[PDB]
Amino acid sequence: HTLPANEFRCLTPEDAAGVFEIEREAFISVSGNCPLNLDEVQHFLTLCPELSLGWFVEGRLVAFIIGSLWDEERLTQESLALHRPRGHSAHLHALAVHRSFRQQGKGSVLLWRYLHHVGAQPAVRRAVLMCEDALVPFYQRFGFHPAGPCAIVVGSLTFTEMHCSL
């Protein structure tokens, strides 16, 4: 009968649309590329929805995490579009908060619930993601440790890989 003022839930391919939209502003408007395009978004939301998480305010996605499982110590170019069911690592492909909802602890909040959410799964024993050097201290507040230069290349952009024991 109404729109919950706040709701945290796993995503479904129905939210792919909304995810890309925030990606356009969050990444493309900046570097010219984005972590996941609509097909990639629907791909992981189809194969491993339980690895995603969204914050809906008044029926609108304001934050999201799109995961997938990895089975190697470090991230590679191929892992970018892969989901290793047999893996034990939660690979955070993308994390973003809406342009209008930033700097209000939402990213931090979503990130913590996410770590707790996937660490609840029997397989997931570690979390991994890549980020620009500017965000390394940010992810460290969550237990992530810088694991050196990430091998994944994206345009002219480089990233520092980070791992979090779960």
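Throughout, we count residues from 1 along the sequence that is shown. Think of the rigid core as the biggest set of C-alphas that the two forms share within 1.5 Å after superposition.
A fit on the rigid core, followed by a root mean square over CA positions in 5 other deposited structures of this protein, ranks 55-63 against 101-109 and picks 55-63 as the more shifted one. In 5 other deposited structures of this protein, superposed by the rigid core, the C-alpha atoms of 92-100 lie farther from the shown form than the other of 77-85 and 92-100.
With 47-55 and 27-35 compared on mean CA B-factor from the PDB entry, the stretch scoring higher is 27-35. On average the C-alpha atoms of 116-124 have higher B-factors than those of the other stretch, with 116-124 and 100-108 being the two compared. Sorting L135, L129, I66, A63 by the CA temperature factor given in the entry leaves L135 at the top.
Each of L75, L95, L82, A90 has a CA temperature factor in the record; the biggest one is found at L82. Split the chain's modelled residues into thirds by C-alpha temperature factor. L157 is in the highest one.
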